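Read the single chain below, which is given as structure tokens and is the form deposited in one PDB entry.
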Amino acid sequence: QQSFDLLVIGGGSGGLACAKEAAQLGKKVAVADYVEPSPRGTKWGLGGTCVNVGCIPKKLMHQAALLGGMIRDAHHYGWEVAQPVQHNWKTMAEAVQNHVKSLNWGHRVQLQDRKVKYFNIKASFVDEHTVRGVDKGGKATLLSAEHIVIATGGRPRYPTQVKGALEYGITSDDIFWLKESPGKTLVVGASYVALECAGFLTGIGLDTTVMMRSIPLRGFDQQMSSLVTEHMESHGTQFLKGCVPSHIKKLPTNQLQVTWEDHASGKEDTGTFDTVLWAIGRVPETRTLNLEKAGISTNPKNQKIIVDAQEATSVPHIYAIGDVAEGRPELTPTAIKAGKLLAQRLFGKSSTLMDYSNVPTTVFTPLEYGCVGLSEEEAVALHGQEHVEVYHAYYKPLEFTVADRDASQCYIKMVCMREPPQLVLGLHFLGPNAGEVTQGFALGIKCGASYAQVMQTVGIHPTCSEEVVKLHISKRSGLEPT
């Protein structure tokens, strides 16, 4: 159609927030969002990855597996539930998918009510102020605007040089939509996406195995990541440490013949699974954009979009947000706010910039891992072991006592500066409702909380989070942390 004050490419977490805000600021906004299906042929509605194949489905299926543990615990507190309790993938999927759809329609209604022309068209630049797009039936349509915002996020990544890879494998995109149970599954990866999925899969009774080339959750505090995987294998998830896939052969039975190199024992083993999921990192969606045709530089290694402290780029009126923006953390909350504030800066008269420092997060694994601030190792790198004090503790959730469920791995460590009052650099929590616990402490770090203040902060008894506040044993002291 004609032009708009603002045009947003990608109707997901970041983009939709930018549009809705701009639209709320009395500006004529337009958004184009197209869901190029997955190799396996999966596709979905408006809302981006988080809504359709990310946070939501993941968290809800995790909730499913958790409930399974809840039913065991149930009998300990007096609930005479017939223990031989099966779980069927169809019901769960049905339920999760329907909610996902509520969000699709929920967004369209929000875009309609704020009046934002929605073009389900996959964009690509032609010049510096215009884009061209195709649709379901494939037909061009001229679109331009003064300001443009790229919020195209990314997509899973397939392995290079692995026959059978595309032809038979599936990704995080396909799993939340499978029509029938994945049956026996092999998850290839060490990212949080990998761990979380094998986790709830194990939770719902599936034979699951994680294949890791090297270390777990690269990027996160290693001691905690270590504790996470240890909890997993101690509770059903099978692990293939130090292994890489080389090829997959489908059997006349339709099963998958996964062959691999085991760099930690022999040198090549093989297994048979019903599903093989590749969780090996994502790739920014810039390929199709023709960013070159618009003069928007991007960093070579990670095909992201180089950006300003104002999410700006090569061109002064073109901005990048979310998974595509280099440096920016791949989280839904940051993209939402970043884009929302960007709208505020453009036609809202605000001068506030997005602040990606100390962003709390939580990996939703069987035993949840929530953290905010510096990694221990990360802390000594910036200050030196000499100026860092680390308080830690193994604790036991009251609820775990009567349910008689293992408390190992329920560990908490708080990284502070050694000199008083000892500013807190990072907090790490491993246990039930980790995200629920970490959140509040994030405000503590954004405010500059100190260990001195932590000690003067009474706990809510009885709870797991109070343990965070009861921490007194440093690692330097050498004392037993239990």
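Residue numbers here begin at 1 and follow the sequence given.
Although it is not shown, the form solved in complex with a small molecule is what the next lines describe.
Only one segment in the set 251-259, 273-281, 74-82, 347-355 has any non-hydrogen atom within 4.5 angstroms of the small molecule in the entry with it bound, and it is 273-281.
Put simply, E330 is close to the small molecule in the entry with it bound: some heavy atom of it is within 4.5 Å. The closest heavy atom approach of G373 to the small molecule in the entry with it bound falls outside 4.5 Å. Put simply, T237 is far from the small molecule in the entry with it bound: not one heavy atom of it is within 4.5 Å. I148 falls outside the set of residues with a heavy atom inside 4.5 Å of the small molecule in the entry with it bound. Note on the partner interface in the entry with it bound: the residue among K163, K90, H383, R213 having a heavy atom within 4.5 angstroms of the small molecule is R213. With the partner omitted here, the residue from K101, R157, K396, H263 that has a non-hydrogen atom within 4.5 angstroms of the small molecule in the entry with it bound is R157.
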